[PDB]
Structures are given as C-alpha cells and as structure tokens.
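Single chain ahead, written as structure tokens, the form deposited in one PDB entry.
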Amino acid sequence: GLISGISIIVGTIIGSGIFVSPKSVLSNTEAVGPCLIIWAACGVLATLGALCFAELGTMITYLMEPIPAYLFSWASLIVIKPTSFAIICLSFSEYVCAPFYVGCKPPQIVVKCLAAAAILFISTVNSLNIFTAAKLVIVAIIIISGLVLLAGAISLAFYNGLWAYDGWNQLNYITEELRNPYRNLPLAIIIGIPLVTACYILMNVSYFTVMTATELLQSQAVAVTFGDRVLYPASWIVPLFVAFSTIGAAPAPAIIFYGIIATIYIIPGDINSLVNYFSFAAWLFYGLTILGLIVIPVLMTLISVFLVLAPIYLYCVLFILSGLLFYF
C-alpha cells in the first residue's frame, strides 16, 4: 500500500543523473560544504514541488493550464523531451567508453558518434524492471562502501542539482490507481522525496572521502573513477551497471520526431551545455504552473523566478518564446 507507493516514487526519481551532476555542481560552488547545501536545497525544492503537484494534479484531472498551454505543448516537443532524451544518451556514452581511456579523457568525436548510435538504436527498438533493480544496486553499493571508509554561479548549481530530481512533476499520474489519495499520495511524497535527498547526500559524501575536491573537476564520469579506487579487483561492475540502466531510462511519428531533432542537439552542445538548456525552459513553465495555482506556493514561485532571471540561454528564448508566438 503505502510502502509500494513510496517504492514507486523512489524508482521514478533516482535516475541517471546522480553520477553526472556532481562534476558540474562542484565546478560552480568550488567547495564541499556549499555543494552539499545546494544539494539539500535542490532536494527540499523538489519535495515541495512534488507536494504541490500532488494537490494541483488531483483537482483538475497541459492539463494544469490557452496561450500558456500552447507554449507548454510547443516547448515539450523540442527543448524538454528531446533535450532530456539527448542528455541521458550523452551520459550513457561518457560512461561506456570511460574505462577504455584510463589516463586521459575520451575524444569528443568518439563520444558523439557513440551517443548518436545509442539514439538511433533505442529509437528503432521503441518503434517496433531489471534496469531499476540494477540502478539501485550501484546507489546502495556506493553508499555502503562509502561508510565503511568514513567512520550567476549559484544558479547553475541548482540547474545541475535538480537534473538528478527528474520525475517529481509526473508523480500523481502514476499514483492515482493505488489507493485513496486522501492521506497517501501527499504522505508518500513528504517522506519519499526527502528519503532520496538523504540518499543523494549519503552518495555524494562517498565521493569526497575517496577522491579530493580538485579531482572531481577533471573527471567526466565520477562513478568509474570511484569504482577503481575502492573496488580495485572488481572495477568493471560500476561502469557496466550505470550504463546498462541508463540506456533503459531513455507512436511511430512521435518517436521518429523525437530521435531526429535530438541528434542535432548533441553536435553543438556538450553534456553540460544541455542541462542548463533543458532546466531553463522546464523550470520556466514550472513557475508558471505554480503561479497559475495561486491565481509552499509562496516559496515555490519566488524561488522559480530567481532560477530563471539569474542566468539572464540566448539560443533558447527564440524557440519557446518566439517559435510558437508567430504560429499562434
């Protein structure tokens, strides 16, 4: 009942963004303490957002909001779904060819063609539970193995930190068929998302006790370097499981259109230039969704407008704010 809903919520939240985010979130904070503080802030922000969506999605059942709705429909077809589809494939590419280049980083040409090949493969397969189980093993191993050896620039940290919390806005869509949403859906979020937040904090401190702060910047795949410095004899299980589960997390005309325009997103943009490109448009419409409810919400709105006006990206406002307004 309740534990099943909690497990389902945890499963759709812990994605392939916990071992890709720290490298980009430490390059902006340049510290360890502020990094964990930003991670906890992102966790509590995702918790509040999911708790608000649990009360906004079960009362109006695009469905939450004319022109704004059209913009959301237009943005979710170019810069939201295809961009997030390319980030998952870029994360899989930078992790399956990382052990091959031990001493030095992999070439940019190799990771792009390998990511493009991964895009065309799953787009063809989809046009015709094992991933979740293997994904939780790495998160459990890194946390457990981390404890046996233990005892402007502020807006980009939120963008990279909130990418790990991907799926907090679609929780009420797959949780209204379990039990009564009276005191079960808001209860499974107020203790389910913070449980992932504490899980992410316990996973981030496992990196700082093995490798120092300066080694995290020059490491594209932070999990493959943690797998050889702790589990030296068995070091191939980390880059294999996180890659076998990443490819799983990633309608014939809809899949083809989502795989064609996603290939042109990895050519001029790296894995870091796309997280701040997707989280910009995503949180822009998230703030409009919270603002639509008002017209927790007093804080969700004041923190969402700051996450958008602080970086102001130039190649994004002419696609979501100019592309459809000429069509409408």
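Position 1 is the first residue in the sequence shown; the rest follow in order.
Just so you know, the form solved in complex with a partner chain exists too; it's not on screen, but the next bit is about it.
Every residue in the set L114, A117 and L120 has a non-hydrogen atom no more than 4.5 Å from the partner chain in the bound PDB entry. For the candidate set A133, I144, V110, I190, a heavy atom within 4.5 Å of the partner chain in the bound PDB entry is found for exactly one residue, namely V110.
The partner chain is not shown here, but in the bound PDB entry it comes within 4.5 Å of a heavy atom of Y101. A residue is said to contact a partner when one of its heavy atoms sits within 4.5 Å of a partner heavy atom; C97 meets this definition for the partner chain in the bound PDB entry.
Of the heavy atoms in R179, none are within 4.5 Å of the partner chain in the bound PDB entry. In the bound PDB entry, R229 approaches the partner chain with a heavy atom inside 4.5 Å.
For the partner chain in the bound PDB entry, the listed stretch (165 to 173, 179 to 187, 102 to 110, 135 to 143) containing residues with heavy atoms inside 4.5 Å is 102 to 110.
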